[PDB]
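Take a look at the letters that make up each chain.
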Amino acid sequence: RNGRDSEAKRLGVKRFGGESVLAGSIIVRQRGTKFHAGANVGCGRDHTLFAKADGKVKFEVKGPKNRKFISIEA
Amino acid sequence: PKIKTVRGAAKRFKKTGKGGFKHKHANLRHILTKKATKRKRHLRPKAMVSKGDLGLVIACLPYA
Amino acid sequence: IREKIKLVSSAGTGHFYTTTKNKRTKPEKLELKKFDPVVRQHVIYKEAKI
RNA sequence: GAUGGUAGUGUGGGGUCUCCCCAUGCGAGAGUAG
RNA sequence: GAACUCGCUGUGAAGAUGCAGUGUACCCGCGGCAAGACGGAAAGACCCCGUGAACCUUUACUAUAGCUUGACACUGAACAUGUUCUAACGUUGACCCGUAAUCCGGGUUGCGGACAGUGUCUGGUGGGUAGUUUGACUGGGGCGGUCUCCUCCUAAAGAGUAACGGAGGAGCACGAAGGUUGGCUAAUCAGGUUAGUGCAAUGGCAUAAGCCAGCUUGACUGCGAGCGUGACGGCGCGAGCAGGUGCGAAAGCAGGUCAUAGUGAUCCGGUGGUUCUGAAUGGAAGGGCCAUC
RNA sequence: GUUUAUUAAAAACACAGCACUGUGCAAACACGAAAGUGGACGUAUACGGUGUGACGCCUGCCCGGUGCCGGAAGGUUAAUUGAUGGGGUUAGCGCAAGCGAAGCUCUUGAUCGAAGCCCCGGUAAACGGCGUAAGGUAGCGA
RNA sequence: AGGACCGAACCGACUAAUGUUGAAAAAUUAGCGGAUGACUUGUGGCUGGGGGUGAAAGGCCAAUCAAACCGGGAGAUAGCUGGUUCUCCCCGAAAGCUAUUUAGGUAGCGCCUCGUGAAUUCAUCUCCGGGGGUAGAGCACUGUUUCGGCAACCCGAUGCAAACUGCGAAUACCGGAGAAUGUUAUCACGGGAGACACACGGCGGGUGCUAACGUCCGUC
RNA sequence: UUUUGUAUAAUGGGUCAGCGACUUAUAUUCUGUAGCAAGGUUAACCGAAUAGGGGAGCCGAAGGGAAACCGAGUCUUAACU
RNA sequence: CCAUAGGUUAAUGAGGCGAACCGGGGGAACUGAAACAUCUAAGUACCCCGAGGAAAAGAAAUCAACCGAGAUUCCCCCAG
Ligand SMILES: [K+]
Ligand SMILES: [K+]
Ligand SMILES: [K+]
Ligand SMILES: [K+]
Ligand SMILES: [K+]
Ligand SMILES: [K+]
Ligand SMILES: [K+]
Ligand SMILES: [K+]
Ligand SMILES: [K+]
Ligand SMILES: [K+]
Ligand SMILES: [K+]
Ligand SMILES: [K+]
Ligand SMILES: [K+]
Ligand SMILES: [K+]
Ligand SMILES: [K+]
Ligand SMILES: [K+]
Ligand SMILES: [K+]
Ligand SMILES: [K+]
Ligand SMILES: [K+]
Ligand SMILES: [Mg+2]
Ligand SMILES: [Mg+2]
Ligand SMILES: [Mg+2]
Ligand SMILES: [Mg+2]
Ligand SMILES: [Mg+2]
Ligand SMILES: [Mg+2]
Ligand SMILES: [Mg+2]
Ligand SMILES: [Mg+2]
Ligand SMILES: [Mg+2]
Ligand SMILES: [Mg+2]
Ligand SMILES: [Mg+2]
Ligand SMILES: [Mg+2]
Ligand SMILES: [Mg+2]
Ligand SMILES: [Mg+2]
Ligand SMILES: [Mg+2]
Ligand SMILES: [Mg+2]
Ligand SMILES: [Mg+2]
Ligand SMILES: [Mg+2]
Ligand SMILES: [Mg+2]
Ligand SMILES: [Mg+2]
Ligand SMILES: [Mg+2]
Ligand SMILES: [Mg+2]
Ligand SMILES: [Mg+2]
Ligand SMILES: [Mg+2]
Ligand SMILES: [Mg+2]
Ligand SMILES: [Mg+2]
Ligand SMILES: [Mg+2]
Ligand SMILES: [Mg+2]
Ligand SMILES: [Mg+2]
Ligand SMILES: [Mg+2]
Ligand SMILES: [Mg+2]
Ligand SMILES: [Mg+2]
Ligand SMILES: [Mg+2]
Ligand SMILES: [Mg+2]
Ligand SMILES: [Mg+2]
Ligand SMILES: [Mg+2]
Ligand SMILES: [Mg+2]
Ligand SMILES: [Mg+2]
Ligand SMILES: [Mg+2]
Ligand SMILES: [Mg+2]
Ligand SMILES: [Mg+2]
Ligand SMILES: [Mg+2]
Ligand SMILES: [Mg+2]
Ligand SMILES: [Mg+2]
Ligand SMILES: [Mg+2]
Ligand SMILES: [Mg+2]
Ligand SMILES: [Mg+2]
Ligand SMILES: [Mg+2]
Ligand SMILES: [Mg+2]
Ligand SMILES: [Mg+2]
Ligand SMILES: [Mg+2]
Ligand SMILES: [Mg+2]
Ligand SMILES: [Mg+2]
Ligand SMILES: [Mg+2]
Ligand SMILES: [Mg+2]
Ligand SMILES: [Mg+2]
Ligand SMILES: [Mg+2]
Ligand SMILES: [Mg+2]
Ligand SMILES: [Mg+2]
Ligand SMILES: [Mg+2]
Ligand SMILES: [Mg+2]
Ligand SMILES: [Mg+2]
Ligand SMILES: [Mg+2]
Ligand SMILES: [Mg+2]
Ligand SMILES: [Mg+2]
Ligand SMILES: [Mg+2]
Ligand SMILES: [Mg+2]
Ligand SMILES: [Mg+2]
Ligand SMILES: [Mg+2]
């Protein structure tokens, strides 16, 4: 009755804290927002977080909800 | 005897200035309504044959 | 169940869009203002056969 | 929310080897004083 | 293959004269016996595999001889659609001649007669005959199950990761269920999402991603810095730029939908469009390009 | 009687007998691109094919399926025939946009059209079946 | 009279032994059947290979038969098996992924080699910047579970979980900085491959019986 | 030899001598080497000629675009930051 | 019935053989397509007929492109 699975989706963190990015670079692929778009970061339609500026990646526990934000530091 | 061109290949590839090959993209013949405009717009321009495929193409086109 | 249809320009060019439609639930012909890139203006587009 | 101990564990070695132990490094969670 | 060719218990490509340990054994015939030398003989016939072969079967596929249908031809006349007619044609009736000849031909006559028959074309039938096809995975093969896609676990805290491992889904829906602005907040009978999400599971969701209303078509066209993921074909995310549009007071937001399934390369062809091509030339046909089936 | 020369001699094959069916003679049928030839110098008491297998007593029910036979109202339907529409070209007429005869041409495919098939019957010593076409009779039975 | 009877010749071939590098590529010996017939035999003739002939065994057609023999197409094709010959020096795999009428074949990629070119390009270690949800743990959640108090719910105490998480390591991985060391150890492009049957052992697991010198992954 | 693995009780060889398996033609690409160099080279053929003649061709010095066409640009688009 | 078929004799020629090449009449399959049917192998092998020192072909109802060429045959290009 079993014997099915789907293709693994290659989700996860593509650029970790302190790595240099160009604008456009994907930082995390995810289902929903485990991570949230901080400063200089967009959120794509599949909740991909991507750099809007050149700079370094910065993850932070920020908000009243203890939520994890991806931002690009100049 | 002269090597014979693979004539199917010659209808699908053209040699560029620096010796690579441009081809037309797959997936833009039919079943177009369900496809996104963005997808279809990016399939219009001709693309280059990749590194892995060049050996296969060159074999087919000895008079490229 | 959904059937493919042609949204065709009122501008008189031949730019058509394509979409689907549930003809059983929506028997009336669909009409929408959409960008015609020949005349380069938003015009009325009206349903026609695919 | 310490401290201490315990669990786990990288490397090397060992045993009675379904599981452990020793050397060394890292060291929780829970609970406790607070 | 070469031999200076013992037993045993172990070992070991897993059943040893040849390895280890050990026991026994002076050298060499002759007659006997067949327990072993996985003895000799035949590149296992069983079994599986090969996109091997053959022959056989059939309502497997494609053909096809044969049989059969009609049209046209050979093939005509007169009356009316049918009937009559004779002259084509048939005769495996009779007779005559070549001729000594149950062949054959020619002649005369009878009978049949535009029929029959044959050619070309054409529908049917057609294992009579022929060429072939008849998947793969698989704790042997078959039978059963499975084959693409999505979600979770196995998966060893980056990614990825197998089994006929453990559990479920998809092959859509929606011109609103899309866009925006402004409001609004559940299950349950005590509280805070324990509800909701168009449809599985997981991750998300209050700034709600839930729900409602008004106004709308951004379910825009041309592009795209950069990046993710693939052997590749591809697939995905994407600021920003140009044009034009919607909502909003404006900042802004909008290139379909909370996200992750809802899919099919190429060929061949259809449809519309087209500052392209047009085999002497002008056209056209066909081809190209764009959109789409 | 016959048979697997060389591992099978049999319950297998054949057989007289039986039945069905074809065949009117230039027979059906067979060998042959054909001419011919066999059938047969035979003619339905004959000949071919098929099944059964001396003899005795017998051989039930089913025609829905497949085949065969008969039917031809109705439907569908080939070559053939080429209506009718559309396109291409261009003598002309347009100041130009276009329009456009004839001829030629590309295409469309009305009408005509047989058998077959669907359809209506028959047929089981046809292939078969015998709890739906009909439900296994007689006889026999570990 | 008779496909009548008994039985030699003659024609067969039921049984057994022998023989089985035979006396013999089918016989001999002792028995056995038919023996006036659908009998047997001499000579000659005819039928030809998808063809013949067949009282039917796929029998027989020159010791050959589910398509004779000889020559030719012909060196058919063989993803299969076998074999592949002198010497030295340098480097040195893979038995994986993806796809495949694919699975013992093949292609791209990975890994080997040779050449060309170029960044402190790469590695180890130290320090710095990261994201984890595994081990362990726990029980608020999803479930499961025991006991007590009250009796619908909840509470106290106690366990359990690959598809539980109000926690959470070691390691590993990504990035940055620095020294030392290392024949550039790295990356790119180009010539040539082989390989895509792996095995056992350690560790982490699925499966199996925490059975297998079992089977399937990850990693050394 | 074949294999994960063979003293293997897997394969092959009784022995010796002789023979017995990556070739050849043409095309194409890369490397080395030689000539000439923005050029290089001729084919058939002629020629008594390994000479010499023969430059028909071929490759190269330009690309882009499906194509018309444009050209150190060109294509894309109404037009490119 | 004229005749014509037929009959007889004469003269002349043919016949049969031979390696390839050549023109014509027929015409496979293995094989390749990683199966296979279109397609391929290939108008090949093979069979048959006929001829000659050669055969066949041959003086445009040919090309070309508005400029022109000038029968046929063979070689090198064009061009995989
Ligand atoms: K010993
Ligand atoms: K013995
Ligand atoms: K007639
Ligand atoms: K298995
Ligand atoms: K097994
Ligand atoms: K815009
Ligand atoms: K007998
Ligand atoms: K019937
Ligand atoms: K044969
Ligand atoms: K490969
Ligand atoms: K290489
Ligand atoms: K292992
Ligand atoms: K083996
Ligand atoms: K053996
Ligand atoms: K070469
Ligand atoms: K050279
Ligand atoms: K450019
Ligand atoms: K063939
Ligand atoms: K093949
Ligand atoms: Mg998944
Ligand atoms: Mg298209
Ligand atoms: Mg502590
Ligand atoms: Mg603690
Ligand atoms: Mg032993
Ligand atoms: Mg002896
Ligand atoms: Mg003996
Ligand atoms: Mg033996
Ligand atoms: Mg064998
Ligand atoms: Mg007729
Ligand atoms: Mg048939
Ligand atoms: Mg057949
Ligand atoms: Mg074949
Ligand atoms: Mg076959
Ligand atoms: Mg299989
Ligand atoms: Mg992971
Ligand atoms: Mg890990
Ligand atoms: Mg997986
Ligand atoms: Mg792996
Ligand atoms: Mg694997
Ligand atoms: Mg799996
Ligand atoms: Mg770019
Ligand atoms: Mg604008
Ligand atoms: Mg939706
Ligand atoms: Mg959804
Ligand atoms: Mg076609
Ligand atoms: Mg067109
Ligand atoms: Mg023209
Ligand atoms: Mg008898
Ligand atoms: Mg016998
Ligand atoms: Mg016998
Ligand atoms: Mg007769
Ligand atoms: Mg019988
Ligand atoms: Mg009987
Ligand atoms: Mg009829
Ligand atoms: Mg009846
Ligand atoms: Mg008698
Ligand atoms: Mg006999
Ligand atoms: Mg005897
Ligand atoms: Mg007797
Ligand atoms: Mg007797
Ligand atoms: Mg048999
Ligand atoms: Mg014989
Ligand atoms: Mg055969
Ligand atoms: Mg051949
Ligand atoms: Mg051979
Ligand atoms: Mg070495
Ligand atoms: Mg795949
Ligand atoms: Mg645990
Ligand atoms: Mg867990
Ligand atoms: Mg590092
Ligand atoms: Mg393989
Ligand atoms: Mg493998
Ligand atoms: Mg394996
Ligand atoms: Mg393995
Ligand atoms: Mg293990
Ligand atoms: Mg085990
Ligand atoms: Mg094993
Ligand atoms: Mg083995
Ligand atoms: Mg050994
Ligand atoms: Mg031995
Ligand atoms: Mg051996
Ligand atoms: Mg072998
Ligand atoms: Mg041997
Ligand atoms: Mg150019
Ligand atoms: Mg083939
Ligand atoms: Mg002569
Ligand atoms: Mg001549
Ligand atoms: Mg002139």
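Residues numbered from 1 in each chain as written, not as in the entry; some residues may be left out. Chains lettered and ligands numbered in written order. Part of a larger assembly, values for the part shown. Heavy atoms only, no water. Residues with missing side-chain atoms left out of burial classes, pairs and counts.

Participant: Hey, could you run me through the overall build of chain C in this one?
Facilitator: For chain C, the count of helices and strands is zero helices and four strands. Reading chain C from its N terminus to its C terminus gives the helix and strand order β-β-β-β. Along the three orthogonal principal directions, the C-alpha set of chain C runs to about 35 × 15 × 15 Å. In chain C, which comprises 50 residues, the proportion classed as buried is 18%. Here chain C has roughly 3900 Å² of accessible surface; of this, 50% comes from carbon and sulfur atoms. Charged side chains in chain C number 13 positive and 5 negative. The centres of these two groups are separated by 3 Å. (Helix = DSSP H or I, 4+ residues; strand = E, 2+ residues; numbered from the N terminus. Buried < 20%, exposed > 50% of the residue type's maximum accessible area, 1.4 Å probe, protein only. Areas by Shrake-Rupley, 256 points an atom, 1.4 Å probe, with all protein chains shown as cover. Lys, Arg positive; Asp, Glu negative; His and termini not counted. Charge placed at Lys NZ, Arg CZ, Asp CG, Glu CD.)

Participant: How should I be thinking about the protein's contact with RNA strand G in this particular structure?
Facilitator: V13(A), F16(A), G17(A), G18(A), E19(A), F35(A), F59(A), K68(A), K51(B) and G52(B) make up every residue found near RNA strand G. Protein-adjacent atoms of RNA strand G, using a 4 Å cutoff, are sugar or phosphate at a proportion of 82%. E19(A) places a polar side-chain atom, nitrogen or oxygen, 2.5 Å from a sugar or linking oxygen of RNA strand G. Contact between RNA strand G and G52(B): a sugar or linking oxygen at 3.3 Å from a main-chain N or O atom of the residue. (Near = heavy atom within 4 Å. Polar contact = N/O pair within 3.5 Å; in protein donor to acceptor, adjacent residues only side chain to side chain.)

Participant: Explain the environment of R4(A) here, please?
Facilitator: All names here are of chain A. The topology assignment puts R4 in the segment before strand 1 (12–13). On the basis of relative accessible area, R4 is assigned to the exposed category, the value being 69%. Along the sequence, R4 and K52 sit 48 residues apart, while their C-alpha atoms lie 39 Å from each other. A polar atom in the side chain of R4 sits 3.3 Å from the backbone oxygen of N2.

Participant: What is the right way to read the sheet that holds strand 1 of chain A from this model?
Facilitator: Paired through backbone hydrogen bonds, the strands of a sheet run either parallel or antiparallel to each other. Residue and element names in this part refer to chain A. Spatial ordering of the open sheet is given by 1-3-6-5, a layout of four strands whose pairing is antiparallel. Each edge of the sheet is formed by a strand with only one pairing partner; in this case those strands are strand 1 and strand 5 (41–43). Bridge count between strand 3 (residues 26–29) and strand 6 (residues 49–51): two bridges; the pairing is antiparallel. For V28, the partnering residue across the bridge sits in strand 6 and is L49. (Pairing = 2+ DSSP bridges.)

Participant: Looking at this structure, how should I read the environment of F35(A)?
Facilitator: All names here are of chain A. Note on placement: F35 falls in strand 4 (residues 35–37). Assessed through its relative accessible area of 13%, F35 is described here as buried. Residues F35 and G63, 28 residues apart in the sequence, show an inter-C-alpha distance of 12 Å. In this structure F35 touches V13, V28, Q30, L49, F59, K68 and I70, once residues within four positions along its chain are discounted. (Contact = heavy atoms within 4.5 Å.)

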